[PDB]
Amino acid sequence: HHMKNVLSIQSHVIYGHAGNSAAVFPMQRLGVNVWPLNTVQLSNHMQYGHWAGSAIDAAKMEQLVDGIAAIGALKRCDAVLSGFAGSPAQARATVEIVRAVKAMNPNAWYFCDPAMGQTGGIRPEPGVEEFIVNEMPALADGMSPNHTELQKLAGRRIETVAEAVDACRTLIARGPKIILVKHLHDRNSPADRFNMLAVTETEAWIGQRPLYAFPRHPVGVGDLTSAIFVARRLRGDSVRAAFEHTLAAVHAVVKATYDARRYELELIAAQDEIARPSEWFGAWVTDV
């Protein structure tokens, strides 16, 4: 009955839902305490084409976390969740925060959502992408790449489920115990399916939910996906159960957004379905 605590190190968007504005409320609604460290405050998502923002630097990130430690709270952190990093220095600061939390609490784990934004190519771009690919797997207990991010982490083109499982297993050999492929581009899947995968050293699960066609795809679905998975794991779910709850909860939010003809996620409207999804999509076993 002990409440778990997650330190969530992500961007904050005032209007709309991305980063901590997509992650904090769902985890709280799922019964987990969230300590949101906002690395930047943006007026709105960058996909609108223009925005205003204010960021903190890496030194300030460390100072803020020092404050949480000074009152004795940081050692009670049960998990760290990271997302978008605005600069290489911020990504390095995230790693140092994770190292401190894990040394204070040997049961704490780090879940890294690469959160590379709009990008492409197998090669990691210099700076943040390079740092995510080269440095983060060594400390991460779980990672939640989308397809593009998985190709960068693995250094490979990936087109099938089996190729993706193999890429996940190679990444797991670098450190992480679980890879949640939060969106998989499966050339063998029907076009109206949204595919996800959950891979550990000994398990692999495929899941599918309906793919909704948006004029512009909502930002924040990846951040929401990682957050729900983390919260369900903290609530004690097995890998399969956390995976299935994530798939079903994200479906409910995305469907609500589509039915409302909206671009920003219908996160608050769909909150009861985040906590207790009504429609379920059982996963099935796959392998290399």
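One-based numbering along the sequence shown.
- Higher mean CA temperature factor between 6-14 and 272-280: 272-280, per the PDB entry.
- When the mean C-alpha temperature factors of 261-269 and 15-23 are read from the deposited coordinates, 261-269 comes out higher.
- Of the candidates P210, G142, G207, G83, the deposited coordinates give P210 the top C-alpha B factor.
- Residue set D78, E96, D113, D192: peak C-alpha B-factor at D192 (per PDB entry).
- When the modelled residues of the chain are ordered by their C-alpha B factor, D237 lands in the middle third.
- The deposited CA B-factor of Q47 belongs to the highest third of values across its chain.
- Split the chain's modelled residues into thirds by C-alpha temperature factor. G222 is in the middle one.
- Sort the chain's modelled residues by C-alpha temperature factor and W109 lands in the lowest third, per the entry.
- For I122, the recorded CA B-factor ranks within the highest third of the chain. Only modelled residues enter the ranking.
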